[PDB]
Amino acid sequence: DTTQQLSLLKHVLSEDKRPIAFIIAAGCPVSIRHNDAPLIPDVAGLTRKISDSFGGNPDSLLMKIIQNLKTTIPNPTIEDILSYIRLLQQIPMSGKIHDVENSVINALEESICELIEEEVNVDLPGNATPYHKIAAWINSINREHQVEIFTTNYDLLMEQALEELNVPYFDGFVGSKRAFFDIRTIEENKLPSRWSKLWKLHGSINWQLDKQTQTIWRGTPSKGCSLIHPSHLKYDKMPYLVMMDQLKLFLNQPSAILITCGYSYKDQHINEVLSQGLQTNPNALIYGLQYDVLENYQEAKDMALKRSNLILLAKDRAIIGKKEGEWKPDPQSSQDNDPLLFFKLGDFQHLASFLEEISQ
Amino acid sequence: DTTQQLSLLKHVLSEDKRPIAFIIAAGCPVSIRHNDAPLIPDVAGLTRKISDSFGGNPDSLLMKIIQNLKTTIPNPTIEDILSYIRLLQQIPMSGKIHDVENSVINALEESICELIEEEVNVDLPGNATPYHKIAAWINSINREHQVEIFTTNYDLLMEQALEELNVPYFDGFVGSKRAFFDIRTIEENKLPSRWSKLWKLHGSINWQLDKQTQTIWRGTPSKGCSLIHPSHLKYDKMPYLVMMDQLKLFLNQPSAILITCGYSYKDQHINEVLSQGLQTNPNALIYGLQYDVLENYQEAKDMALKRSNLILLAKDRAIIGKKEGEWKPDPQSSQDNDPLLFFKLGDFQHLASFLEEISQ
Amino acid sequence: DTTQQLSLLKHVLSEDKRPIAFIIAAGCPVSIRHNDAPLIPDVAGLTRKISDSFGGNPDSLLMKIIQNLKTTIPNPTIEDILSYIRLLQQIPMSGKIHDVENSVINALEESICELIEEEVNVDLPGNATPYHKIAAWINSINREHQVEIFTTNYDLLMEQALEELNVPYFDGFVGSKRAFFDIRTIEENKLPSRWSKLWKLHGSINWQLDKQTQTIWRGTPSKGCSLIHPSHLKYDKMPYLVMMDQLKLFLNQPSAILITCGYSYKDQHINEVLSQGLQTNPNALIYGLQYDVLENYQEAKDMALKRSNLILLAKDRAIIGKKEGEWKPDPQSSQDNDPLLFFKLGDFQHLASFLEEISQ
């Protein structure tokens with residue numbers, strides 16, 4: 001099954017008459033090897049670091065909140081904890097839920113934000129990283145349709161890689177000193193055709209908010225970024241709806257394509273916007289790829305079974321147009337012992353190799 | 001001054017080359033006189049009746065909630081109370097804030113919904129009501145641009161008036177038995193040019209939700225309608241964002257017009273969407289009219305002073321393109337005593353008379 | 001004969017350049033199996049249960065009327081009984097024909113109306129019913145020509161199946177509270193091309209009449225629906241002529257197609273409108289299919305023998321262009337005993353399977 005999918009992917013990517021996009025999740029940053037350790041320990045890692053940082057003491061508010069969430073959420077995460085804490089802050093919660101913290105909840109969330117900021121504030125080492133290969137592919141060939149990239153991460157790796165190889169892009173903000181969030185140009189949609197576009201759905205580490213005018217601006221990472229929010233903030237002093245609107249508006253164009261790398265389809269709003277855009281535009285496609293085994297992704301299988309234009313591919317099997325298929329007999333593993341049919345090409349490093357092979 | 005604005009409104013409404021809209025708030029239902037009493041006691045009455053219904057006993061949860069809200073917001077209302085109760089429901093609030101009601105908060109909100117449903121579930125008496133006059137104006141002349149109506153009320157007066165005079169309209173839902181919320185046709189925007197469109201921003205009394213499939217549908221008013229929400233519900237099993245997108249998308253059309261009757265600009269989301277639409281489309285106009293005195297409307301003054309495409313008119317003064325003007329010397333009141341210059345036409349009955357005169 | 005007709009039907013249905021229609025009679029509701037019993041016992045059942053409901057007592061008016069009709073009508077039915085009763089009450093029939101019932105005829109027709117109402121007031125069980133498959137076929141592919149459905153039944157199965165699978169349609173009425181019968185839009189014929197159209201020729205259980213203004217409207221099934229009339233009512237406070245006219249007007253577009261399922265051609269008006277429209281447009285086709293043996297249908301054979309563009313098909317033989325043919329030798333039944341050549345595809349469940357196969 002490797003040959004057919006590889007060839008068709010080559011054909012669809014080689015054409016320059018179709019829009020292309022990406023979705024980048026924690027899989028891409030974790031795929032970078034450093035000191036035989038993950039560059040960023042992903043959502044589970046960033047959750048466990050907070051859990052161990054405050055220790056196992058039951059007197060801590062954060063451990064109490066985690067065990068409270070265990071009753072409702074089987075596997076609570078940092079996103080859920082942050083949303084829960086912000087929610088508790090929204091109302092004068094002086095009750096027994098916050099009896100231990102009459103006002104220490106603000107300090108707890110402040111420390112969580114600071115530690116996340118310290119953890120994800122790194123840079124790309126060297127010029128052999130996969131992001132450099134991806135940017136090289138992007139600027140290798142001039143195409144009449146712009147290449148967009150959607151990022152659910154907080155790190156600035158992709159911006160750095162796009163600047164080092166000198167690929168222009170527009171991420172929403174326009175300006176030099178304290179770039180503001182320009183709105184009109186976003187929906188004019190008449191940027192130069194050579195530009196890429198980098199949308200950050202979940203915010204970033206450098207976004208900040210000035211409460212004096214209650215307006216946001218992209219600057220430099222300072223002590224506490226107030227738009228670290230994983231899509232949990234105020235009403236439309238908020239660009240989240242606009243980035244989602246941009247994803248949706250992108251999906252509705254004819255012969256649209258999309259590729260997800262490192263996404264586990266565990267976020268509801270992304271999933272429903274993908275579903276809406278996918279049904280509203282039959283021509284829309286999602287060539288979602290999972291580095292993990294498909295058996296761990298019930299949500300992905302449900303999505304694939306509900307729509308016919310979602311060519312979901314996994315490590316072991318594949319779902320091509322509401323029908324599920326497995327790997328055909330091929331000598332994927334030369335060794336006789338454990339002849340596992342694994343599609344190793346779904347790894348992000350291997351994906352970058354694939355793109356650079358296409359480009360050259 | 002009356003002559004200039006009256007004539008220009010007549011000319012701009014008489015033309016059929018421009019889109020027209022309305023925004024209808026509690027002022028329109030309250031302007032109907034019945035038994036020398038208000039037909040609907042408006043938001044202040046709708047709140048005070050609820051407060052008096054549970055009595056002045058401090059043991060009641062609702063009064064404790066009201067006094068809790070007094071500490072943060074000076075003037076709590078039914079919308080704020082409902083949002084606050086729903087918010088408290090969102091997390092396992094078993095603490096001292098909800099110590100009195102371990103689980104009685106759900107009962108409290110259920111009773112609030114039932115009582116408000118009983119209060120706003122009435123019908124139009126006779127055929128002399130102003131809504132009938134407005135519908136007569138709408139169907140009096142065929143215009144190449146559809147006339148839309150945005151309603152923030154919960155009553156079904158507008159639908160009944162449009163039905164009795166046989167004016168077709170599309171309110172989002174398509175079907176007969178238990179009509180679903182059709183999404184695609186909303187954004188295709190290719191309905192017959194004769195149809196009006198009636199959008200319900202704050203929900204309505206007949207919308208209901210089935211939790212088995214977590215999908216909404218408009219049917220008949222049963223005991224407990226789960227979409228009474230004044231824009232406080234789940235993520236996009238929710239039509240609120242779609243109606244908001246429709247308001248925005250309408251505002252961006254060339255030479256767009258809008259009229260607000262009974263609106264006090266006391267909702268932040270409505271206000272910011274109006275402002276953003278005004279900015280993105282300078283040609284957009286808002287001929288907002290207030291029945292009350294201008295001195296009570298700080299938000300209206302602010303919006304009118306920071307934008308130029310908003311010809312706000314009040315009972316006493318007017319704001320025409322970022323410049324504030326008052327009533328010029330005219331014999332508005334014949335009586336010598338208290339020669340108050342009041343633009344009395346801003347009341348909804350007088351507005352209906354004005355439209356009737358224009359149509360005939 | 002199976003292969004050729006099956007292939008030709010596949011080709012004619014697969015094309016998106018032609019109008020398509022359906023006619024749905026009691027065969028489709030009865031084809032549903034429930035508790036090893038018919039979901040609706042069809043016209044014979046709905047007549048015999050009325051007969052047994054009033055018992056075998058000769059003192060009953062209804063039994064007297066049935067035996068009176070036996071003299072003229074060999075096999076009287078519920079339609080004939082209802083028409084006869086409405087005729088009897090149309091004039092002051094105080095004579096010996098109504099000597100037993102000075103005023104009890106109104107009570108008799110009432111009780112008949114409610115009894116029919118409860119007997120036909122059911123819902124679709126599950127999601128494996130054939131109607132769901134038909135709607136899935138309808139919305140499976142976008143076609144430039146709208147798919148209409150004509151129904152002679154009183155049940156609301158088709159509406160429920162269409163709206164559960166998110167299929168829009170227009171059944172004549174426009175509105176939300178008490179949807180009125182809009183006339184102009186019916187003949188404008190400029191609805192969005194994506195919409196289906198569901199016409200109810202024989203009325204329905206939810207249509208009602210307000211005598212204060214003598215106007216009809218679709219609402220919710222209440223106690224006694226005054227428009228269950230099987231095309232026997234007042235003059236043009238009556239939409240029957242309009243739906244008949246709509247069938248006629250549909251027959252006149254070029255390359256028009258039509259399929260009847262469960263129809264026995266026992267209605268004079270439908271038969272003559274089919275014949276006349278088939279005369280006027282020789283390009284019109286009717287692929288009438290009978291689940292029963294053709295020998296029971298003299299009317300269908302007569303009509304097929306009068307016209308060349310009516311490819312009538314039966315269980316045993318077929319009539320293709322005024323020439324009658326029988327089943328060619330094929331191993332339809334594997335068993336040697338009773339090698340009956342029966343076209344099993346004429347059953348409605350099998351038709352739903354056929355449409356599902358075409359769609360997939």
# chains A, B, ... in the order shown; residues from 1 in each chain; ligands from 1
call {"tool": "interface_residues", "arguments": {"of": "chain A", "to": "chain C", "cutoff": "12 Å", "atoms": "only C-alpha atoms", "output": "mmCIF file with N, CA and C atoms, in the first residue's frame"}}
result
data_model
loop_
_atom_site.group_PDB
_atom_site.id
_atom_site.type_symbol
_atom_site.label_atom_id
_atom_site.label_comp_id
_atom_site.auth_asym_id
_atom_site.auth_seq_id
_atom_site.Cartn_x
_atom_site.Cartn_y
_atom_site.Cartn_z
ATOM 1 N N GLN A 279 -18.075 18.768 5.185
ATOM 2 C CA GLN A 279 -19.369 18.454 4.587
ATOM 3 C C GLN A 279 -19.863 19.575 3.682
ATOM 4 N N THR A 280 -19.621 20.834 4.054
ATOM 5 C CA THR A 280 -20.087 21.945 3.230
ATOM 6 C C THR A 280 -19.363 21.971 1.892
ATOM 7 N N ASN A 281 -18.098 21.582 1.873
ATOM 8 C CA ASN A 281 -17.343 21.499 0.624
ATOM 9 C C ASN A 281 -16.949 20.054 0.363
ATOM 10 N N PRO A 282 -17.735 19.300 -0.407
ATOM 11 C CA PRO A 282 -17.320 17.946 -0.776
ATOM 12 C C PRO A 282 -15.920 17.869 -1.344
ATOM 13 N N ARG A 307 -17.460 10.756 6.981
ATOM 14 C CA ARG A 307 -17.274 11.551 5.775
ATOM 15 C C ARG A 307 -16.443 10.763 4.775
ATOM 16 N N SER A 308 -16.713 10.997 3.492
ATOM 17 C CA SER A 308 -16.088 10.221 2.430
ATOM 18 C C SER A 308 -14.838 10.868 1.854
ATOM 19 N N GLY A 321 -12.041 6.849 2.306
ATOM 20 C CA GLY A 321 -13.390 7.075 1.827
ATOM 21 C C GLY A 321 -14.426 6.203 2.502
ATOM 22 N N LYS A 322 -14.526 6.315 3.827
ATOM 23 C CA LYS A 322 -15.488 5.620 4.677
ATOM 24 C C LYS A 322 -15.270 4.114 4.728
ATOM 25 N N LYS A 323 -14.281 3.578 4.020
ATOM 26 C CA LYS A 323 -13.967 2.158 4.063
ATOM 27 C C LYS A 323 -12.600 1.971 4.704
#
call {"tool": "select_by_dssp", "arguments": {"residues": "stretch 233-280 of chain A", "states": "alpha helix (DSSP H)", "output": "count of residues only"}}
result
25
call {"tool": "residues_around", "arguments": {"residues": "stretch 170-180 of chain A", "least_positions_apart": "4", "cutoff": "7 Å", "atoms": "only C-alpha atoms", "output": "PyMOL selection string"}}
result
chain A and resi 186+196-199+216-219
call {"tool": "write_last_selection", "arguments": {"atoms": "N, CA and C atoms", "output": "mmCIF file, in the first residue's frame"}}
result
data_model
loop_
_atom_site.group_PDB
_atom_site.id
_atom_site.type_symbol
_atom_site.label_atom_id
_atom_site.label_comp_id
_atom_site.auth_asym_id
_atom_site.auth_seq_id
_atom_site.Cartn_x
_atom_site.Cartn_y
_atom_site.Cartn_z
ATOM 1 N N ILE A 186 -7.046 41.090 7.100
ATOM 2 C CA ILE A 186 -7.241 39.648 7.188
ATOM 3 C C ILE A 186 -8.355 39.207 6.251
ATOM 4 N N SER A 196 3.595 33.384 2.382
ATOM 5 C CA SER A 196 2.908 32.352 3.134
ATOM 6 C C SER A 196 2.032 33.032 4.174
ATOM 7 N N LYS A 197 1.327 32.238 4.971
ATOM 8 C CA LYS A 197 0.514 32.761 6.062
ATOM 9 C C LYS A 197 0.658 31.789 7.216
ATOM 10 N N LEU A 198 0.971 32.289 8.398
ATOM 11 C CA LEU A 198 1.116 31.436 9.568
ATOM 12 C C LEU A 198 0.101 31.861 10.615
ATOM 13 N N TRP A 199 -0.931 31.044 10.818
ATOM 14 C CA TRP A 199 -1.974 31.322 11.794
ATOM 15 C C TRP A 199 -1.705 30.520 13.054
ATOM 16 N N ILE A 216 -4.728 43.834 22.212
ATOM 17 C CA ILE A 216 -3.597 42.916 22.212
ATOM 18 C C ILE A 216 -2.578 43.378 21.188
ATOM 19 N N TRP A 217 -1.334 42.936 21.367
ATOM 20 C CA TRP A 217 -0.273 43.243 20.425
ATOM 21 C C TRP A 217 0.834 42.216 20.554
ATOM 22 N N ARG A 218 1.469 41.913 19.431
ATOM 23 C CA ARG A 218 2.589 40.986 19.390
ATOM 24 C C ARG A 218 3.873 41.759 19.627
ATOM 25 N N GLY A 219 4.633 41.360 20.636
ATOM 26 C CA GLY A 219 5.866 42.049 20.949
ATOM 27 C C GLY A 219 7.027 41.103 21.146
#
call {"tool": "closest_residue", "arguments": {"among": "C:304, C:136, C:105, C:183", "to": "residue C:90", "atoms": "only C-alpha atoms"}}
result
C:105
call {"tool": "select_by_dssp", "arguments": {"residues": "stretch 108-340 of chain B", "states": "strand (DSSP E)", "output": "JSON, numbers by chain"}}
result
{"B": [148, 149, 150, 151, 169, 170, 173, 174, 179, 180, 181, 196, 197, 198, 199, 200, 207, 208, 209, 210, 215, 216, 217, 218, 260, 261, 311, 312, 313, 317, 318, 319, 320, 324, 325, 326]}
call {"tool": "residues_around", "arguments": {"residues": "stretch 249-259 of chain B", "least_positions_apart": "2", "cutoff": "6 Å", "atoms": "only C-alpha atoms", "output": "number ranges by chain"}}
result
B: 19-22, 245-247, 277, 281, 283-288
call {"tool": "write_last_selection", "arguments": {"atoms": "C-alpha atoms", "output": "mmCIF file, in the first residue's frame"}}
result
data_model
loop_
_atom_site.group_PDB
_atom_site.id
_atom_site.type_symbol
_atom_site.label_atom_id
_atom_site.label_comp_id
_atom_site.auth_asym_id
_atom_site.auth_seq_id
_atom_site.Cartn_x
_atom_site.Cartn_y
_atom_site.Cartn_z
ATOM 1 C CA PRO B 19 -30.545 46.636 1.766
ATOM 2 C CA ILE B 20 -32.633 47.451 4.828
ATOM 3 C CA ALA B 21 -32.695 45.873 8.276
ATOM 4 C CA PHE B 22 -34.243 46.272 11.708
ATOM 5 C CA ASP B 245 -22.032 36.072 11.360
ATOM 6 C CA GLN B 246 -25.210 36.907 9.460
ATOM 7 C CA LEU B 247 -25.452 40.332 11.085
ATOM 8 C CA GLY B 277 -18.862 46.195 10.866
ATOM 9 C CA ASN B 281 -17.569 48.977 5.758
ATOM 10 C CA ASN B 283 -20.557 52.865 3.639
ATOM 11 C CA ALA B 284 -22.595 51.087 6.325
ATOM 12 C CA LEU B 285 -25.053 53.274 8.229
ATOM 13 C CA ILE B 286 -26.898 52.937 11.533
ATOM 14 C CA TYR B 287 -29.855 55.272 12.022
ATOM 15 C CA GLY B 288 -30.301 54.205 15.619
#
call {"tool": "residues_around", "arguments": {"residues": "residue A:325", "least_positions_apart": "4", "cutoff": "12 Å", "atoms": "only C-alpha atoms", "output": "count of residues only"}}
result
15
call {"tool": "closest_residue", "arguments": {"among": "A:137, A:343, A:240, A:354", "to": "residue A:165", "atoms": "only C-alpha atoms"}}
result
A:137
call {"tool": "residues_around", "arguments": {"residues": "residue B:352", "least_positions_apart": "2", "cutoff": "6 Å", "atoms": "only C-alpha atoms", "output": "PyMOL selection string"}}
result
chain B and resi 130+133-134+349-350+354-355
call {"tool": "write_last_selection", "arguments": {"atoms": "C-alpha atoms", "output": "PDB file, in the first residue's frame"}}
result
ATOM      1  CA  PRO B 130     -47.896  48.171  15.166  1.00  0.00           C
ATOM      2  CA  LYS B 133     -48.429  47.990  10.213  1.00  0.00           C
ATOM      3  CA  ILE B 134     -44.730  47.164   9.806  1.00  0.00           C
ATOM      4  CA  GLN B 349     -46.210  53.301  17.776  1.00  0.00           C
ATOM      5  CA  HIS B 350     -45.182  56.548  16.093  1.00  0.00           C
ATOM      6  CA  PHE B 354     -44.458  56.744   9.996  1.00  0.00           C
ATOM      7  CA  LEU B 355     -43.931  53.540   8.004  1.00  0.00           C
TER       8      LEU B 355
END
